[PDB]
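Asks: Mind looking over this structure? Questions follow.
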Number of protein chains: 2
Amino acid sequence: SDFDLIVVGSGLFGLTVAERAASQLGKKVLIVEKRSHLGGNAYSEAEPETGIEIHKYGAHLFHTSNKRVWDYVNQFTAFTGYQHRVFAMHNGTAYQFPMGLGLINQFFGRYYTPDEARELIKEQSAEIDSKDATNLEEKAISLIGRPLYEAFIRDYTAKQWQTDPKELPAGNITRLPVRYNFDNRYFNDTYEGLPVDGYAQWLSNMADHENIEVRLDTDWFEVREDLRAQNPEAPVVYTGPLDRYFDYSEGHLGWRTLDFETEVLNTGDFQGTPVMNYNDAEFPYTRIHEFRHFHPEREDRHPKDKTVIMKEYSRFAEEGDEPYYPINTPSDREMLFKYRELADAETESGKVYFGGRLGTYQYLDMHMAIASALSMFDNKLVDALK
Amino acid sequence: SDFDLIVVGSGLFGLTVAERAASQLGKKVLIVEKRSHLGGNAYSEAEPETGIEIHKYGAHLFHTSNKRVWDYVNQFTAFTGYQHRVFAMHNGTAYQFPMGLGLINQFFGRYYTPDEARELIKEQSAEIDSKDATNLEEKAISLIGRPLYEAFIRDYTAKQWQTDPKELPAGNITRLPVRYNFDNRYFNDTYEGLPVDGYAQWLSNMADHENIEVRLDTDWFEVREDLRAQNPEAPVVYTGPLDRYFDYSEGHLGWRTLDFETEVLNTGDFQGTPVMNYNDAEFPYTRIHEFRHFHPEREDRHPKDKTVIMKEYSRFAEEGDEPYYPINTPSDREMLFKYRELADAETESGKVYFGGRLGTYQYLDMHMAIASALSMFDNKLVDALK
Ligand SMILES: Cc1cc2nc3c(=O)[nH]c(=O)nc-3n(C[C@H](O)[C@H](O)[C@H](O)COP(=O)(O)OP(=O)(O)OC[C@H]3O[C@@H](n4cnc5c(N)ncnc54)[C@H](O)[C@@H]3O)c2cc1C
Ligand SMILES: Cc1cc2nc3c(=O)[nH]c(=O)nc-3n(C[C@H](O)[C@H](O)[C@H](O)COP(=O)(O)OP(=O)(O)OC[C@H]3O[C@@H](n4cnc5c(N)ncnc54)[C@H](O)[C@@H]3O)c2cc1C
Ligand SMILES: O=c1ccn([C@@H]2O[C@H](COP(=O)(O)OP(=O)(O)O[C@H]3O[C@H](CO)[C@H](O)[C@H](O)[C@H]3O)[C@@H](O)[C@H]2O)c(=O)[nH]1
Ligand SMILES: O=c1ccn([C@@H]2O[C@H](COP(=O)(O)OP(=O)(O)O[C@H]3O[C@H](CO)[C@H](O)[C@H](O)[C@H]3O)[C@@H](O)[C@H]2O)c(=O)[nH]1
Ligand code: NA
Ligand code: NA
């Protein structure tokens, strides 16, 4: 046949399943992708004026402690030694971040030793017991105290969720967000970096196999009857929206979206660091990205007098907005449970498997999407394709 | 013969020359070492109470942009992904360091953009032109201004050199010590890390070759007549003190030394970072090292409730002191020039080559010692050993 497997969507989940079927099982795979490019939201491209690598669907930082995933992705791209670090802008000062001895010195005005800082946090957070917290605000204060909460958490959280933190669940915070040393590595994972030749090249490499066919600008729902008629026995791995697949018969799942305002500035360096959080309510955006600083190894191909920045805004996703993060209200959780039963039936009757962020209503980092695809391949697809 | 080459001293210079003769030329090499261990000042050992890897002759950080040197040392040890970072303690606050947007925000009280910081430094340093500076103090001020100089440079410099900075040469500062971004990587080199199993294991591996014999607790000057009588044609590579070799016939070269005060404390974490500079005159030491933080990958073999720290003191080297850094007064420079003529004659008549820190009166980082040994091997020893 012309294909043995159809994959809908070319994000990291779809690419991983397609590449494994192609290279491990020697199967012909057809990838159907609605957008004009591969890679889903991880995709990046050159900004035209400067040549700088930018993102249109969020900045993407790769990090994992899963060695299988790390070994896997390194088959398709090398990674730089980039280590993500973030600074937090509050009341006109850039604070070291996350909360640690650095921020603590800057905020409380003098140096605290690790043991002194532990004692300070105990004093500050004495007010509320975490076991008695009824919402996010109280849970936060029960852990780090009011001054820290009000300076670095309250307004940022309010902007991101478009909600008062008093109206968020205490379950959103599950551990002490304070380090008692000077370590300001943002991520805690064993492996970390950025694709040496960019995300577009990495993701294109994953799809570059003699057994893989890619059709861009193609909506599954417009071509599916034709494609399956060519080979009715071919399973489908679907990574598009779960509720849309079933014609919203159980309602519309709720998502948050993001707006990105991207500007080219006539300076070589706007903020001297890749990411600056804006923690104060007077700034409508949550953070600014300056893309050149993600790849300092490319400095002699970047312009000396221009830079690309991007301001990020958060809000509820309306019709026509890119859905990025599941909201997960109890209402959402229950129509999700209904959709899972519909999906499970569809797998049984139609050999259509459901995966990825959109297909399962679940936010997945890149390495988690990859791990999830590897699992579906190992535990479902090998048998379904024999 | 029992040996074809004698090497005096087992620091990185001696080890490199010995290992290259041994493995590349297949020559028998005898290494003579006065101390009870290999490795010279780079040598490290476990502190007995805690097991933590410590140094007795200064903390050693490996970094280089020389790819040949990097490829070479990786034959003998793997390196961690450690990146050196330093903080500066001034008036009760730990400042981000070296001088950059971080320190500038903390010191001048609010956030400056890269371009604003460049303008601030121009204003601050307007006082003196660098072309008009007559000493270190003026040269420093001509570059970064009085407030920064007086807070972070003056007293630290005074403690290290035991001299008023007004009495030091303007030539000690040769570039702008300010970064206009948030990058606080201490070193600027392409490659960097720490030996995975410690320095003692690395340096022992370099000497571990069927063609290498090592005699510890052996002073060259006490055994040389006997050794050379066994094989008079064997060249000698000497890395001991240059002036001592010639019986101080032209005077004593002047050196700075260091005292280290090493303590085990009953806390798991003293300062939350490997190195804290103490920039104020009220502290007699220049900096404190906390050795566990050089190897965070070993945390589950380090004690949870103890830590080893070390305070570092600088002064002139007197009889019995370890000579660490050449002072290089004009008096020193001229007896050095006299000794170079004596050494050059000794190479011609006695086949004794002079190299390394002590043998050439020159401070050498590890990678520079290695590069220098590789050069002597390539350009002198291959011919001398044929
Ligand atoms: C704002 C944002 C920031 C992120 N930052 C990071 C980060 O820093 N680090 C990290 O590890 N992860 C990050 N992620 C997650 C990252 O994008 C993952 O790779 C992604 O979640 C993987 O899930 P996926 O492959 O299912 O999804 P997607 O990337 O969404 O891919 C799904 C694909 O299916 C296509 N599709 C949908 N419907 C149809 C249809 N009907 N027919 C055909 N094709 C269709 C879509 O066009 C898309 O290309 C971020 C995600 C977002 C949204
Ligand atoms: C305080 C300090 C800190 C340092 N920190 C760093 C750092 O962070 N990074 C870095 O890259 N480098 C650092 N270095 C430099 C590092 O130690 C180099 O490896 C060294 O300078 C290399 O020169 P070498 O091999 O000639 O010297 P040495 O290490 O001094 O070795 C010379 C050897 O010769 C032996 N010897 C002397 N006289 C005799 C004799 N008569 N007979 C027999 N043996 C003899 C000595 O015992 C010694 O073992 C530091 C050095 C010091 C002193
Ligand atoms: O300055 C801050 C930062 C975070 N938060 C709290 O932490 C939550 C989550 O923080 P972020 O969304 O800003 O960041 P994450 O660590 O959760 O995840 C980040 O890293 C991910 C990669 O793994 C993606 O890139 C993602 O978009 C990016 O936000 C916020 O809602 C808020 O409650 C604050 O209060 N203040
Ligand atoms: O807080 C500081 C630090 C440095 N200096 C100035 O800079 C000079 C040199 O600084 P350091 O000796 O402290 O450090 P280096 O960068 O020169 O070298 C460091 O790294 C080396 C490895 O390459 C060795 O480990 C060495 O011992 C260690 O000091 C000082 O004399 C002083 O004039 C200051 O004024 N203030
Ligand atoms: Na509490
Ligand atoms: Na000046």
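Asks: Out of B:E319, B:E297, B:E282, which single residue is within 14 Å of another protein chain (Cβ to nearest Cβ), of a type outside the set (S, T, Y) and surrounded by fewer than 14 Cβ atoms within 10 Å (Cβ to Cβ)?
Replies: B:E297
Asks: Further question on the same structure: Against the definition (under 30 Å from A:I54 (Cβ atoms), of a type in the set (K, R) and more than 16 Å from ligand 4 (Cβ to nearest atom)), how does A:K159 come out, yes or no?
Replies: Considered against the rule, which asks whether it is under 30 Å from A:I54 (Cβ atoms), of a type in the set (K, R) and more than 16 Å from ligand 4 (Cβ to nearest atom), A:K159 comes out as yes.
Asks: Starting from the range B:202-213, take each residue that is more than 15 Å from B:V7 (Cβ to Cβ) and list its partners that are crowded, with 17+ Cβ neighbours inside 10 Å, counting only C-beta distances under 6 angstrom and pairs at least six apart or across chains.
Replies: Final answer for the pair search is B:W202/B:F76; B:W202/B:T77; B:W202/B:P195; B:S204/B:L38; B:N205/B:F76.
Asks: Further question: Within the set of pairs 6+ apart or on separate chains, which have a first residue in the range A:114-140 that is closer than 25 Å to A:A158 by Cα, a second that is near ligand 5 (Cβ under 10 Å from one of its atoms) and of a type in the set (K, R), and C-beta atoms under 7 Å apart?
Replies: As it stands, the answer is A:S130/A:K139; A:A133/A:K139, since those pairs meet every condition given.
Asks: For B:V275, all conditions in the list (1) among the aliphatic types (A, V, I, L, M); (2) surrounded by fewer than 21 Cβ atoms within 10 Å (Cβ to Cβ); (3) within 14 Å of ligand 2 (Cβ to nearest atom) hold save one; what is the number of the exception?
Replies: (2)
Asks: Limited to the range A:37-94, what total is found for residues that are of a type in the set (G, A, S), within 18 Å of the chain's Cα centre (by Cα) and over 28 Å from B:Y82 (Cβ atoms)?
Replies: The total comes to 5.
Asks: Spot the failing condition for B:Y95; the list is (1) within 14 Å of another protein chain (Cβ to nearest Cβ); (2) more than 25 Å from B:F260 (Cα to Cα); (3) within 14 Å of ligand 4 (Cβ to nearest atom), and only one is missed.
Replies: Answer for B:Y95: the failing condition is (2).
Asks: Let me ask something additional. Mind listing just one residue for me: the one in the range A:142-179 that is under 18 Å from A:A88 (Cβ atoms) and in a loop (DSSP other than H, G, I, E, B) and, of those, farthest from the other protein chains (Cβ to nearest Cβ)?
Replies: My answer is A:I173.
Asks: Separate question: Which condition does B:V308 not pass, out of (1) assigned by CATH to the domain that holds B:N91; (2) surrounded by fewer than 13 Cβ atoms within 10 Å (Cβ to Cβ), if it passes all the others?
Replies: The single condition B:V308 does not satisfy is (2).
Asks: Go through the residues of the range A:100-109 one by one and say whether even a single one is in a loop (DSSP other than H, G, I, E, B), more than 16 Å from ligand 1 (Cβ to nearest atom), within 14 Å of chain B (Cβ to nearest Cβ) and surrounded by 16 or more Cβ atoms within 10 Å (Cβ to Cβ).
Replies: Yes, there is a match, as at least one residue in the range A:100-109 is in a loop (DSSP other than H, G, I, E, B), more than 16 Å from ligand 1 (Cβ to nearest atom), within 14 Å of chain B (Cβ to nearest Cβ) and surrounded by 16 or more Cβ atoms within 10 Å (Cβ to Cβ).
Asks: Under 6 Å between Cβ atoms, which residue pairs at least 6 apart in sequence (or on different chains) link something in the range A:186-197 that is in contact (Cβ under 8 Å) with a residue 12 or more places away in the chain and among the hydroxyl-bearing types (S, T, Y) with a partner that is away from ligand 1 (no atom under 12 Å from the Cβ) and assigned to a loop (DSSP other than H, G, I, E, B)?
Replies: Note: pairs meeting the criteria are A:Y186/A:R85; A:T190/A:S65.
Asks: Of the conditions (1) under 24 Å from B:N279 (Cβ atoms); (2) buried (at least 18 other Cβ atoms within 10 Å of the Cβ); (3) aromatic (F, W, Y), B:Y199 clears all except one; give me its number.
Replies: Tallying (1) under 24 Å from B:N279 (Cβ atoms); (2) buried (at least 18 other Cβ atoms within 10 Å of the Cβ); (3) aromatic (F, W, Y), B:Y199 fails exactly one: (1).
Asks: Any residue that is under 29 Å from the mean Cα position of the chain (by Cα) and in a loop (DSSP other than H, G, I, E, B) - is there at least one of those in the range B:123-131?
Replies: no
Asks: Being more than 14 Å from B:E261 (Cα to Cα) and within 20 Å of the chain's Cα centre (by Cα) is the filter here; which residues of the range B:293-314 pass it?
Replies: B:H293, B:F294, B:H295
Yes or no, residue by residue, for (1) within 16 Å of ligand 1 (Cβ to nearest atom); (2) surrounded by 14 or more Cβ atoms within 10 Å (Cβ to Cβ); (3) more than 24 Å from A:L258 (Cβ to Cβ); (4) outside the structural domain of A:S314 (by CATH):
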{"position": "A:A117", "(1), (2), (3), (4)": "no, yes, yes, no"}
{"position": "A:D129", "(1), (2), (3), (4)": "no, no, yes, no"}
{"position": "A:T157", "(1), (2), (3), (4)": "no, yes, no, no"}
{"position": "A:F182", "(1), (2), (3), (4)": "no, yes, yes, no"}
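Asks: Now, a different point. Residue by residue through the range B:145-189, note down the ones that are away from ligand 3 (no atom under 16 Å from the Cβ) and in contact with a strand residue (DSSP E or B) (Cβ under 7 Å, 6 or more places away or on another chain).
Replies: Hits for the range B:145-189 are B:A151, B:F152, B:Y156, B:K159, B:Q160, B:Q162, B:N184, B:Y186, B:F187, B:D189.
Numbers and lists here come from the model and the stated rules, or from a named source; no laboratory instrument gave them. Every residue, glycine among them, receives a Cβ derived from its backbone with ideal geometry; neighbour counts consider all protein chains shown.
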